[PDB]
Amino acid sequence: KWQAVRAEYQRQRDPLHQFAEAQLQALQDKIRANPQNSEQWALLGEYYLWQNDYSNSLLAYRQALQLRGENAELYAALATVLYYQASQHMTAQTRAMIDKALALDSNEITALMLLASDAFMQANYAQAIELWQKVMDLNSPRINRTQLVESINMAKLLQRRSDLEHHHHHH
């Protein structure tokens, strides 16, 4: 060491993934106790998303959003559920939830990170890079910065290989 292990803290879904009890009457009971609370339904949506119960996640998030009105974080969460439900393939429903999110908050990271990753999967590396750089530029405690650097360097490597295989060296 030096010490040099590199200091690092949590994020905003690593904290949110404070699952791994496990039967949570808790979250439901607290909803029966108080039913008009936005963030309580969002937490239910979050639990179901972790369980990969996309149908039930969508229902809970939908209710959250009914109560709160238009809200970027909830638009981005819906988009996350839809995207995963479609096996991590973009979808018209997914893109519209993302577009609604970004209209309320141009720097909503959850939405930006879904867009980046999907650009990468569709080989639009230049868009992926641009988006991961936009996020990096936010200096946010939310995303591990070494992850962004690494994702960008992979997109760069894959761009070059594409350029080389297609003899497409310009842009």
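All residue numbers refer to positions in the sequence shown, first residue = 1.
- Going from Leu157 to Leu158, the model skips none of the deposited residues; the chain is continuous there.
- Higher mean CA temperature factor, per the PDB entry, when comparing 32-40 with 45-53: 32-40.
- Per-stretch averaging of Cα B factors for 23-31 and 101-109 places 23-31 on top.
- Ranking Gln133, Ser117, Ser140, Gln127 by Cα temperature factor from the entry places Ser140 first.
- Among the modelled residues of its chain, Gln147 has a C-alpha B-factor that falls in the middle third according to the deposited record.
- Sort the chain's modelled residues by C-alpha temperature factor and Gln85 lands in the lowest third, per the entry.
- Annotation for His167: C-alpha temperature factor in the lowest third relative to the rest of the modelled chain, per the entry.
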